[PDB]
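Worksheet: one structure, shown below.
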Amino acid sequence: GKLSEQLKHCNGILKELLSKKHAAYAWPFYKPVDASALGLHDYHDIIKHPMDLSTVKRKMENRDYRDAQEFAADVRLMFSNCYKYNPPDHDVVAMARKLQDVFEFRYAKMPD
Ligand SMILES: CCNC(=O)c1cc(-c2cn(C)nn2)nc([C@@H](C)c2ccccc2)c1
């Protein structure tokens, strides 16, 4: 039941990250980065493993994640992609930092 319990905590975090409470800074992470639409023609040369909250949601719904660690690896991959691609002074990086702070502090309260 630990794995079930821990994955329910993960699902709770995911719902929070997608909630109106965090929408002001979470919105760039809702859907896959559309590189063409944003004119980011080097995005897929720099980012080899794209990740976003809609993909995390699909994987949770599909029971793709077997444990909390696998879930956290995708959420952190999403933030890492943002920190790798973008100049550190871009607004999206500040938004990533703020959403990661929400993630890390609640992920840390994982039930044992
Ligand atoms: C190298 C310069 N970067 C961009 O032009 C850029 C990158 C991203 C982005 C999204 N993710 C998940 N990673 N990167 N998003 C925007 C847009 C949507 C935007 C504009 C204003 C504030 C917040 C985001 C612009």
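All of the numbers you see were taken from the coordinates with simple rules; none came from a lab.
Helical runs (DSSP H, four residues minimum) scored at -39500 (n - 2.57) apiece and divided by the length of the chain put the mean residue ellipticity at 222 nm at -19000 deg cm²/dmol.
Among the listed pairs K21/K84; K20/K59; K20/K48; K8/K109; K15/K98, which are separated by more than 18 Å between their Cα atoms? Checking Cα-Cα distances, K21/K84; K20/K59; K20/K48 exceed 18 Å.
Taking the longest Cα principal axis of the chain as reference, the axis of helix 68-85 is set at about 10 degrees. Rg/Rh for the chain (Cα atoms only, Rh after Kirkwood) is 0.97.
Output the direction-averaged projected area (hull surface divided by four) of the convex hull of the alpha-carbon atoms of segment 32-98, in nm². Mind dumping the intermediate values first?
Details: hull surface 19.9 nm².
If I average the Cα hull's projected area over directions, I get 5.0 nm².
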